[PDB]
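Visitor: Enclosed are the sequence and the experimentally obtained structure.
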Amino acid sequence: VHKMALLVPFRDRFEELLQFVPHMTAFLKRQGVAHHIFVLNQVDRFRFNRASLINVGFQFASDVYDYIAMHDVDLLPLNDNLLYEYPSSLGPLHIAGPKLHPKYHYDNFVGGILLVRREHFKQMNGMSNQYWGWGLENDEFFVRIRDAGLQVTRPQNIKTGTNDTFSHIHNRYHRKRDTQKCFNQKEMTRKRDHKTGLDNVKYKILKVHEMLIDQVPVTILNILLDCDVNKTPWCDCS
Ligand SMILES: O=c1ccn([C@@H]2O[C@H](COP(=O)(O)OP(=O)(O)O[C@H]3O[C@H](CO)[C@H](O)[C@H](O)[C@H]3O)[C@@H](O)[C@H]2O)c(=O)[nH]1
Ligand SMILES: O[C@@H]1[C@@H](O)[C@H](O[C@@H]2CO[C@@H](O)[C@H](O)[C@H]2O)OC[C@H]1O
Ligand SMILES: [Cl-]
Ligand SMILES: [Cl-]
Ligand SMILES: [Mn+2]
């Protein structure tokens with residue numbers, strides 16, 4: 001039996017989380033996937049850093065989890081044929097493929113829901129830490145996948161399409177995307193990051209909370225990320 005660490009980078013998405021937990025738990029129980037949900041709550045006051053939270057969650061998750069799912073909290077599978085299985089030796093298994101995602105349709109999109117073996121994640125030194133605020137972190141990770149000699153696989157013979165494979169309950173005016181650029185964020189985050197990753201993410205876990213949501217156990221990690229403003233000053237544009 002494989003076990004999946006279901007990693008949910010998180011800040012101020014409480015109602016999303018209330019829908020997320022019962023839905024994913026039922027969904028995964030139906031296909032027999034053993035798993036645990038880790039809410040990666042970024043409690044520092046820097047801009048949202050999804051990828052660094054993933055790195056922290058990977059470090060925290062015990063050895064029993066031999067793969068991880070990096071998972072948006074607002075993106076729910078509607079098709080039971082989307083198998084959250086242990087990825088093959090080829091590399092990561094991308095569940096929310098561009099032919100299936102309601103919004104993102106470019107070929108190398110690996111955002112939303114991406115399953116990665118422990119060994120492969122380690123092999124790539126996890127995700128880049130330089131992505132403060134919305135965007136690009138998954139795209140650079142795609143390059144990390146190619147550079148590691150791995151490939152992305154996606155489920156075949158899925159019959160649903162872009163409008164009926166996932167619900168993406170995300171109103172752009174309610175949950176705003178932090179797309180601000182300051183300092184030379186534009187230039188720096190558009191290039192491959194060979195310098196940061198799993199092995200040097202800087203952080204403290206202030207608190208671990210064990211939460212039951214209608215009987216389903218879920219772990220909350222209160223994560224205080226560090227920002228080195230000598231390297232990534234765009235962690236805060238205030
Ligand atoms: O202030 C935030 C911002 C994001 N999130 C979490 O991060 C996830 C992804 O963020 P968004 O939903 O705001 O962004 P998108 O809907 O545009 O999703 C896509 O854009 C992101 C770019 O950063 C990621 O690549 C993401 O996986 C990809 O599906 C959210 O679902 C949520 O789980 C928060 O919890 N709080
Ligand atoms: O992090 C990813 C974003 O970088 C990505 O942004 C896309 C970049 O190319 C543009 O043509 C697209 O319109 C734009 O969405 O979107 C997905 C996100 O995961
Ligand atoms: Cl890039
Ligand atoms: Cl494919
Ligand atoms: Mn979203």
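Guide: Right, received. Where do you want to start? Residues are numbered from 1 along each chain as shown. Ligands and ions are numbered 1, 2, ... in the order given.
Visitor: In a strand, residue 119, correct?
Guide: No: Residue 119: not assigned to a strand; according to DSSP: H, G, I helix; E, B strand; the rest coil it is helix.
Visitor: OK, contacts around the spatially most central residue of the chain?
Guide: In the chain, the C-alpha nearest the mean C-alpha coordinate belongs to residue 70, at 3.1 Å (C-alpha atoms, centre = their mean). By C-beta atoms under 8 Å, 6 or more residues apart in numbering, the contact list for residue 70 reads 7, 9, 54, 113-116. Where C-beta positions appear, they are placed from N, C-alpha and C, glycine not excepted.
Visitor: and those residues, which two are the farthest apart?
Guide: Using C-beta to C-beta, the contacts of residue 70 reach their maximum pairwise distance at 9 and 115, which is 15.2 Å.
Visitor: And the two? Which one has more around it.
Guide: residue 9 (25 against 22; other C-beta atoms under 10 Å).
Visitor: quick one: the more buried one and residue 55 touch, right?
Guide: No: if you go by C-beta atoms under 8 Å, residue 9 and residue 55 don't touch, sitting 10.0 Å apart.
Visitor: Identify the residues contacting residue 221.
Guide: Contacts for residue 221 (C-beta under 8 Å, 6+ apart) come out as 38-41, 56-57, 60, 205, 207-208.
Visitor: again, only using 6 Å
Guide: 40, 60, 205 (C-beta atoms under 6 Å, 6 or more residues apart in numbering).
Visitor: if I look at the last one, how far off is residue 123?
Guide: This points to residue 205. 24 Å (C-beta to C-beta, to the nearest Å).
Visitor: Might you specify the subset of the contacts of residue 70 located within helices?
Guide: Counting by DSSP state H, the contacts of residue 70 place residue 54 in helices.
Visitor: Out of the contacts of residue 70, which are close to ligand 1?
Guide: residue 9 (C-beta under 6 Å from any ligand atom).
Visitor: any idea which of the contacts of residue 70 is the one closest to residue 21?
Guide: Using C-beta to C-beta, the contacts of residue 70 come closest to residue 21 at residue 7, 13.8 Å.
Visitor: Spatially nearest residue to that closest one, not counting backbone neighbours?
Guide: residue 57 (4.2 Å; C-beta to C-beta, 6 or more residues apart in numbering).
Visitor: residue contacts, the one you found?
Guide: Neighbours of residue 57 in contact, by C-beta under 6 Å, 6+ apart: 7, 38, 40.
Visitor: Likewise for residue 34?
Guide: Residue 34 touches 1, 3, counting by C-beta under 6 Å, 6+ apart.
Visitor: can you rerun that using 8 Å?
Guide: Applying C-beta under 8 Å, 6+ apart, the residues contacting residue 34 are 1-4.
Visitor: How about the residues of the chain by ligand 5?
Guide: Residues of the chain lying near ligand 5 by C-beta under 5 Å from the ion: 74, 170.
Visitor: okay, now whatever residue of the chain ends up closest to ligand 2: neighbour count?
Guide: As assessed by C-beta to the nearest ligand atom, ligand 2 sits closest to residue 111 within the chain, at 3.0 Å. Neighbourhood size, residue 111 [other C-beta under 10 Å]: 23.
Visitor: doesn't residue 17 make contact with residue 39?
Guide: Yes: in this structure, residue 39 is within contact of residue 17 by C-beta under 8 Å, at 6.7 Å.
Visitor: which residue ranges form the strands in this protein?
Guide: Listed in chain order, the strands of the chain (DSSP state E) span 4-10, 35-42, 67-71, 75-77, 93-94, 113-117, 166-168, 203-213, 216-225.
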